[PDB]
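A.B. asks: generate coordinates for the sequence data below:
(6 chains, ligands or ions: 2)
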Amino acid sequence: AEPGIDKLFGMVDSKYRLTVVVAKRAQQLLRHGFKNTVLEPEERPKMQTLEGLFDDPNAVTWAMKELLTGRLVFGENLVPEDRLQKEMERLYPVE
Amino acid sequence: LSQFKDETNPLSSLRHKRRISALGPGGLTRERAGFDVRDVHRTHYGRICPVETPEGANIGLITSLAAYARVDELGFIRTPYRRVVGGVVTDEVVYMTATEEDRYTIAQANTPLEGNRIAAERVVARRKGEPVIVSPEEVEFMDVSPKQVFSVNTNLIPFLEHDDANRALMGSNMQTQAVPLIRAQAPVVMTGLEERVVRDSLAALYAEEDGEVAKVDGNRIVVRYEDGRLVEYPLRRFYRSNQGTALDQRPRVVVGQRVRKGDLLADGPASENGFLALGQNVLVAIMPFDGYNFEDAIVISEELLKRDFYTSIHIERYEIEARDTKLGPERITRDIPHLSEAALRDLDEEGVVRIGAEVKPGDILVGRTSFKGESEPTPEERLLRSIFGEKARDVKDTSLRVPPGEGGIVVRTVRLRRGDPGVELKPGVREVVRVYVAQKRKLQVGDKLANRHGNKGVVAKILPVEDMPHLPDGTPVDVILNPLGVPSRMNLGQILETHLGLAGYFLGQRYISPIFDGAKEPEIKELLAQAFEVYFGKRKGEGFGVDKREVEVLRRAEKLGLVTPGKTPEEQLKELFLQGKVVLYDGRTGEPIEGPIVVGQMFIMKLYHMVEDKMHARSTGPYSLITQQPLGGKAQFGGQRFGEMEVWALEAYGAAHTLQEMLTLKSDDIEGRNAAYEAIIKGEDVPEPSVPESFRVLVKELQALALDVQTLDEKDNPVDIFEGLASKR
Amino acid sequence: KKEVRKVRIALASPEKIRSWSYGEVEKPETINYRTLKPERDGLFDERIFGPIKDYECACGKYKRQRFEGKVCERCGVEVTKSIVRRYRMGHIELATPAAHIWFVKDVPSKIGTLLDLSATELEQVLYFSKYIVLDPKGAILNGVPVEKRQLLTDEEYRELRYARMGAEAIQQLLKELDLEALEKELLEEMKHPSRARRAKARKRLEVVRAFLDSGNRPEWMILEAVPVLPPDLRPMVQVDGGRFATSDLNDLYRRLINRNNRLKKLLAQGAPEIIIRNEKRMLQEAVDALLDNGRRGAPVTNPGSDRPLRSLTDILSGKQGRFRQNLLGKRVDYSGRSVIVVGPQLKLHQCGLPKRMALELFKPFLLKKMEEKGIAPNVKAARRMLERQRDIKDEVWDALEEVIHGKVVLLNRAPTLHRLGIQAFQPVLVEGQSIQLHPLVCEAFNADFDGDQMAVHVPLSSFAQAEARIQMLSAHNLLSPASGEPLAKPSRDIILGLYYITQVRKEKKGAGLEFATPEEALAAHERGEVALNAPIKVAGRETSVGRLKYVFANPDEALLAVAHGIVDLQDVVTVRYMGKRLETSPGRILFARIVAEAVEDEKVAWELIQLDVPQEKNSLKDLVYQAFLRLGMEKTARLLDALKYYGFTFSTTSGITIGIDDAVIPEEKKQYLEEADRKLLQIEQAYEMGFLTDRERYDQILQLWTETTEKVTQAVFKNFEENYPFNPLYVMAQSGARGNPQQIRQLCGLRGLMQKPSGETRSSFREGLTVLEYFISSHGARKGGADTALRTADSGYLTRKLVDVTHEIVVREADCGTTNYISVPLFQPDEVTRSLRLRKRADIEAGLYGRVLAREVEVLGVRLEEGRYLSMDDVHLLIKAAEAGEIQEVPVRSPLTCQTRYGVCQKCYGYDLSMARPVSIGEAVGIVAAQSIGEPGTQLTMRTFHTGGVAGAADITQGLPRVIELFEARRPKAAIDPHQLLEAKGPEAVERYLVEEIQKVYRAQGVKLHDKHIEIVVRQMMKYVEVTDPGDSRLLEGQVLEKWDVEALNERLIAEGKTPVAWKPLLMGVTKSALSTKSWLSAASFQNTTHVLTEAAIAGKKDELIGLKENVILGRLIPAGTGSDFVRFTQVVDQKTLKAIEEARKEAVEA
DNA sequence: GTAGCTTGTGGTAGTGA
RNA sequence: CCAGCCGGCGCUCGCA
DNA sequence: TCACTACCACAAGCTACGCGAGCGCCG
Ligand SMILES: [Zn+2]
Ligand SMILES: [Zn+2]
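C.D. replies: Residues are numbered from 1 along each chain as shown, chains lettered A, B, ... in the order given. Ligands and ions are numbered 1, 2, ... in the order given. The structure is reproduced below:
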């Protein structure tokens, strides 16, 4: 099945919440350019006709691996609603 | 009441020809009242087959009749019963009305007899739908034959006596769905009617009176009867059944041949030798494989496809018309207005496709050209034309293309022009074109097959003969059945067939087991014993005895209790062979399969591949005018129904947006589906759902009804669904 | 762009008609043949409804998108698509009023009830007949002063002149009515007089308040202007050759124009009363025609098909009405379907899919991918390239193979009974037709491989793609939402193979079997095995010779001999493991090792791995359960895939195949069939002399064949147990694999003795089942297919109601703080006389598993904190302890008592989400419970009574019927009447009866589901209550309980003035509970769709959109799932954007 | 047809202005 | 970018 | 007393009836 599905499970107080997270995350990864990541160096997502997953295969599959790490943070209301879409297009280039 | 002829196979046509119905003028019977009617009533004896009815919502009401059952003067299905005065039976019979039937004491045919004398004092008989054991003295009438109580359809199952009535219907119904195989072989085991069937049905062609053979063309056969007469009998070459099936008559007689009155001439569509034949008798192994014959999953031998064993010729009659639009009659010409000469090859004849050509899904079968706009030209399409080549033929492409799925070879074509010789040309219709194309739908993995008993299954894998199970003697099986689907279902009738078929292979012969009076267990062991001489006797003289493998299993078999320990392996095997099971090597590993596995020549059949077989996959396409829900039909497949049963399922899960997606962007949402397409094409993320139409149209329905339906916001105030088409002026 | 939180059904004001209406239809000129264009201002003129062409208009001044919202200065035409037309309504100015039949003919005539006249016949009498009335004042006589509101005929009215009538008569009435005035009038009439006249006034009073309260006043009940449905809606198409199809509404919409127009001319031509009315009859009648047909006779399209032209009602209500259409939703764009075929190699994570299908499916995703590569320049180009199957390059298959990536899809089976009826997998493209499904799910969607057809879709949105591979992916949906029991249980195929390998064999013991002590018994009895005397599996307790001869060190050791053909896996050997000298079969250990292989934690493996006994369906059930628990979801997955392959390959080589001789007949039957046939005569010769009678001779014969059949059932299985432990037909039945229990022998009795057609009740299938013996059983197999037929109908239907009511039920919470708990009983009183007993293992498990303690409890020695979630291990603890005698009941949190008005807390519910850990907030439990309930309900197994005498076997089975009579307050055929029960023992009692009294069934069918689900439902049946001591509104009234927890909570606490809201708890059937719900969005869905709105219009009902049904129909995101306000808002962040906003902070320091 | 939910009204003992 | 396929009748399947 | 009905019972009225699929034809 999917990597440490259990690991991830316990990380949340409610299942359906978990879903919301990843989603809005892979949505970010695309939108503001796909270089909006936090764990690309050594180990990173991969495909096989060549090893090009490094660019843009499945977003959500990425958010998974990231979330499987303690990099990101999730809260009911962490950052002011509209002030977030302004600061996310300012530092991530990809287009 | 009147319907299309289920001409799957002459037999199918023949039953579809004998079944009774309930529903009708309406004055007789309605649809929501039938617990007491649908019941298989006691008088339904020899008059109605209590197995023939269709499983489903319309059951018991629709049902074909019994063997000899026949209507007299006024719709009273009488059934024959031989007369008997005292303890003496007669070669005389009487079709009794249901009424007059209860009046007497009738007995079965199983009843022992010396020709005209009864043989047992306490013998069975049935008063008025009541089982009663009476004396030979009060006996007044007997059943003619066990076959009389079932349909022809039902009367075709071998060991019907060992099968459950319920799975018997499945066996009976599945027979109407058989398909004419290039190579048709009558069942290794028959009841004795397959001849009659083809005879009484007009499948094969018979000889009128005694005579001799003259001409044997592939199209016509001329004969010279003994009365100095001679006739030229044309043969239906290749015709399109109403079901789109092949209809040919294959001569089987040589030139100049003294024939007997009523002897098979040319084999009907599905007659082997004037015998009803549908499907073929195949060597079969009743054992479980990995999972390829899971619950009703099945496994086939690549060996069967090599020898075009199960191949069905299927004919679809696609059709297209040249409508007369007031915008300009749609013309028919090999002119396909916009792109290649590559797709205009096979379309040899001006507009027409050349016969004997290979057609794949997407190719144009017929070219058609109507006119672009509704009445006016186009401003955006106007400037584009001028750029490359302003001079482009204004006629549009509305050409009949090969509907996705599969196409075959065009065999026949028909075209009706202006000067109608004598045809009912519908109004506006300028001219028509029918194209008959067939394809050796080679039994592929998607197809399904079944034996006359009821076992139904879809081919799970096509194993190379190379590694699939093989007998001690090189000969490999054809098919492998999953035993599991047998204990649950109740039909030992098929187990007896595989066994009996077993003897017939090394015994090279066919048999005829009447319905209840057919063969018996002991008798079968007899032949097996004898067949064991063919298998092993030959193997013994051939220079060798037994394999180290045949013994390993023999060890396990003795431990099993299948064989009485202490016997010479030669003897042991025979005893095990008589059990209906023999030793089989893995073929993949060559290691025998610990434990004898019964096998045999089981006569099985292929089943109808409706255009429901040839899969339906739709991305985008048509929608309904009123309901803006997607649909298909001709070219565009047509969407699948979600039903609430399914809604709920998603409701069970937390698939919120997944459910959102369905109700919207995927079905009813107009600007959602539209913009959605535009979105994915971009590799972007779908906008947020707009109002579905089934909804908007709904309010108005409500509004059409005095009822006023108004949308509300957080604080009870208006909101607007109709994006802006409800406001006046 | 906001969200609609409330829907509202309200009556329409004439002006509002004018409001939705665009122009007035005044003539029946559809379209003139010569020109396929709308005849005149007719029903299809585009002015009145919409642009006959895309963005284009009539003559052609403006023609594109650039000016989408402007109209042409010459002929007025703003344009979007033609939707506008299918959107816009019309209105017909009626000459003389008429009224909606819906309110007139509704059982409680909403019009005759309100206005006190013969609620029923009088209506009919003057509405469609001749009777006039007087408006404000009319000073002159007839015999009695002016009838302020009474009615007079045109004859004693004509005399006068030298007033209005028909529907024009009641028009006046409604207007002159001062609701208030009469409100004061009935309030008095209600409480003072006795129940006779006070009763009528009472029901009569709901309608009134309805109007006033809501405001929307009643004067609109009559019609004088008819809203026209847009055009596109009711079809007007070209069938073939010249044929045209048009929605029947048009046949009636024309029937109506003619008369109205015919009337405007009639009234303007000459007025001969007789014919004036003759037509008002036809008018008012045509009126009813389009609104409702059938309620009163039925209009037909001229000779061709006596079919009632489908009316508005028929369009809205029904099994395929409009609501039916919407509530269930009908056709996707990205869908597909084909035949199914097994995928052994297939891992649960994936599924096999024919490329060719895929091709059409991910068409768009592919297209884009095309241009991305060098395969195609532009979109149009890429499409043309695919327009044909011979145009495809092998490279295309790569691109597609590429776009799918890990992207996943959903699979739906035929009957979608539960959530598992559909799941997400990782499609692995394949050649051919059929579709490869994984086998163990075959049990999930009840599906075998005999022609099974299912469906499939695609999570387009990355948002929708998310959930799918996440929460819908099958691999994450192992347990059953019905029972914490797994649903990936090995099937008949794998299990069969798995049992083969682990079974131990026992053979012959002719000589000594007590090596237990002698060493000469070790030598001598060892040479006796070498000989022929002692077998390898003799019944010696210390160790049969099988153990002595062979001993294995390392695990491998032992398996090396098997293949070498020295030992078979089913042999009793001796081998040493990591720490013990164990005496076991090769198969039992092999199973052990494999266990340890899938998952590396070798030690945690054997912890639950009791390799004492041959692996049966339950032992595996208990292990899978374990695995998922102990080790974790995804890891427990890599497992399933393993067992599968092996129980598969193990099955192949096992060499098991059914043989005719395999169905072995006991030699026993001849004796017992003789010893029983002899007693039949003792009872038949009983008949000759009257010791018995008629009734008693029939019952004793029933018991003879009821006890003798159970006797032959033990024998066949006992023979297989002692003589043929390895029979393909035997071993098949014993393993979870395949078989039947009552059924085989029961089946034999059935063929031998099947009951007669009515119900009043020698051969086998191995031996010739006689002619008549086969026709007799036909009656039953015949009734069985019919019974089950109606059973599926009632099941989905029942469930349809389950949803109609529990849809809205979801987990939106903070532990419902109301700690009113239910006590779960452990002992049952009466099974015989008065006695106390320990309830069944299962049932109890079903009542306490994965729940929430209401308070702490010290039992046998451990401390069970308050609020802890008890696992099965804990649930077992209690058993052993009650066995002790320290506990009798169980304080547990439950929805029946959860506070949360609409919804329940995470604490009131429990454990089992598809997972085992506590249920995550935002779970559509209302549904999950509905399915896990409605899926079992269909099969509807056997019901009957079976009673024995001396051996004394009595069997007890009942049908859905009861289940129905249960969910619906009813008066059972013979049973405990709930209405009385409640009255006697009250709520917490009925609550308890219901639930338990409903469980008895499934328990009796082998089905095993948790009590949670049922609770959910029943609480919903008790969400309403009546009144007795008023406060805001008058007493007798049925309404929402929690809603009363609201008004009462505020009538004492906040606002002083203790006005005790004496209420009366009210019981409602599942049906009636849905029917009458706050929201009507849900009610309009089922029942007539008539009354529903009828009532909700009067009262401008503001349907607060909470719940799925109502919110689904809207196509609005579900108030739950991802729409749960709890989670619908949640932001994600990268540590880099954190310090960033932190710097938007640090820069805030001005100067 | 089949069961069954609800309303509505007429048929058979009360009881007070 | 325009059409036949509305609905329906009748018929078969999968889930016993 | 006079009289009006009051209140039980039984007939009489509308709504369900699983999910999906295909094939020929009908206006
Ligand atoms: Zn204009
Ligand atoms: Zn609670």
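
A.B. asks: and residue B:570, what is it in contact with?
C.D. replies: B:536, B:540, B:545-546 (Cβ atoms under 8 Å, 6 or more residues apart in numbering or on different chains). For every residue, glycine as well, the C-beta is placed using N, CA and C.

A.B. asks: cool, residue C:94 as well?
C.D. replies: Contacts for residue C:94 (Cβ under 8 Å, 6+ apart) come out as C:223-226, C:260.

A.B. asks: in what helix or strand does it lie?
C.D. replies: Assigning secondary structure by DSSP states H and E places residue C:94 in strand C:89-99.

A.B. asks: got CSV for the contacts of residue C:94, with secondary structure, distance to residue B:246 and neighbour count too?
C.D. replies: Converted to CSV, these look like this (DSSP: H, G, I helix; E, B strand; the rest coil; distance: Cβ to Cβ, whole Å; neighbours: other Cβ atoms under 10 Å in any protein chain shown):
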residue, secondary structure, distance to residue B:246, neighbour count
C:223, strand, 63, 23
C:224, strand, 67, 18
C:225, strand, 64, 20
C:226, strand, 59, 27
C:260, helix, 61, 22
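
A.B. asks: just these now: which is nearest residue C:399?
C.D. replies: The shortest approach to residue C:399 among these belongs to residue C:226, at 56.6 Å (Cβ to Cβ).

A.B. asks: which stretch of helix or strand covers the residue most central in space within chain A?
C.D. replies: Note on chain A: the residue nearest the mean C-alpha position is residue A:63, at 2.8 Å, using Cα atoms, centre = their mean. Residue A:63 is located in helix A:59-67, with elements delineated by DSSP H and E.

A.B. asks: who's in contact with that helix?
C.D. replies: Contact with helix A:59-67 is made by A:2-3, A:8, A:11, A:21-23, A:25-27, A:29-30, A:34, A:37-39, A:45, A:72, C:405-406, C:462, C:465-466, C:469-470, as judged by Cβ under 8 Å, 6+ apart.

A.B. asks: pretty sure residue B:539 belongs to a helix, no?
C.D. replies: Yes. The assignment for residue B:539, made by DSSP: H, G, I helix; E, B strand; the rest coil, places it in a helix.

A.B. asks: now do it: how many residues are near it, please.
C.D. replies: The burial count assigned to residue B:539 is 14, neighbours taken as other Cβ atoms under 10 Å in any protein chain shown.

A.B. asks: quick check: closest non-adjacent residue to it.
C.D. replies: Nearest-residue entry for residue B:539: residue B:473, 6.5 Å, with adjacent residues in sequence omitted and distances by Cβ to Cβ, 6 or more residues apart in numbering or on different chains.

A.B. asks: got phi/psi on the one you found?
C.D. replies: Residue B:473 adopts backbone torsions of phi -90, psi 130, taken as degrees, to the nearest 10.

A.B. asks: helices along chain A, start to end?
C.D. replies: Counting by DSSP state H, chain A has helices at residues A:5-10, A:15-31, A:59-67, A:83-91.

A.B. asks: can I get the contacts of residue B:570 in JSON lines including neighbour count?
C.D. replies: What follows is these, written out as JSON lines (neighbours: other Cβ atoms under 10 Å in any protein chain shown):
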{"residue": "B:536", "neighbour count": "21"}
{"residue": "B:540", "neighbour count": "13"}
{"residue": "B:545", "neighbour count": "11"}
{"residue": "B:546", "neighbour count": "17"}
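
A.B. asks: how about the residues of chain A near chain B?
C.D. replies: If contact is defined as Cβ under 8 Å from any Cβ of the partner chain, the residues of chain A in contact with chain B are A:15-16, A:19, A:27, A:30-31.

A.B. asks: make it 10 Å
C.D. replies: Near chain B, the residues belonging to chain A are A:14-20, A:23, A:26-27, A:30-31, A:56, A:59 when assessed by Cβ under 10 Å from any Cβ of the partner chain.

A.B. asks: for the residues you listed, which one is nearest DNA strand D?
C.D. replies: The closest of the residues of chain A next to chain B to DNA strand D turns out to be residue A:16 (Cβ to the nearest atom of the strand; 36.8 Å).

A.B. asks: excluding its backbone neighbours, what's nearest the closest one?
C.D. replies: Nearest residue to residue A:16, sequence neighbours excluded (Cβ to Cβ, 6+ apart): residue C:922, at 4.0 Å.

A.B. asks: how many neighbours does that neighbour have?
C.D. replies: The burial count for residue C:922: 30, using other Cβ under 10 Å.

A.B. asks: the one 4 residues further on too?
C.D. replies: Residues near residue C:926, counting by other Cβ under 10 Å, number 30.

A.B. asks: same check on the one 4 residues further on?
C.D. replies: Other residues near residue C:930 number 29, with proximity taken as other Cβ under 10 Å.

A.B. asks: dump the contacts of residue B:570 to a markdown table, plus secondary structure.
C.D. replies: A markdown table is the format used below for those (three-state DSSP):
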| residue | secondary structure |
| --- | --- |
| B:536 | helix |
| B:540 | helix |
| B:545 | coil |
| B:546 | coil |
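
A.B. asks: need the residues of the stretch 401-550 of chain C near chain A, please.
C.D. replies: Taking Cβ under 10 Å from any Cβ as the criterion, the contact residues of the stretch 401-550 of chain C with chain A come out as C:401-408, C:426, C:461-471, C:473-476, C:478.

A.B. asks: switch to 7 Å and redo it
C.D. replies: In this structure, the stretch 401-550 of chain C approaches chain A at residues C:405-407, C:462-463, C:465-467, C:470-471, C:475-476, judged by Cβ under 7 Å from any Cβ of the partner chain.

A.B. asks: which parts of the helix holding residue A:63 are buried?
C.D. replies: A:59-64, A:66-67 (16 or more other Cβ atoms under 10 Å in any protein chain shown).

A.B. asks: how far does it sit from its chain's centre?
C.D. replies: On the basis of Cα atoms, centre = their mean, to the nearest Å, helix A:59-67 sits 5 Å off its chain's mean C-alpha point.

A.B. asks: orientation of that helix relative to helix A:15-31 in degrees?
C.D. replies: For helix A:59-67 and helix A:15-31, the angle between their directions (axes from the mean of the first three to the mean of the last three Cα atoms, to 10 degrees) works out to 110 degrees.
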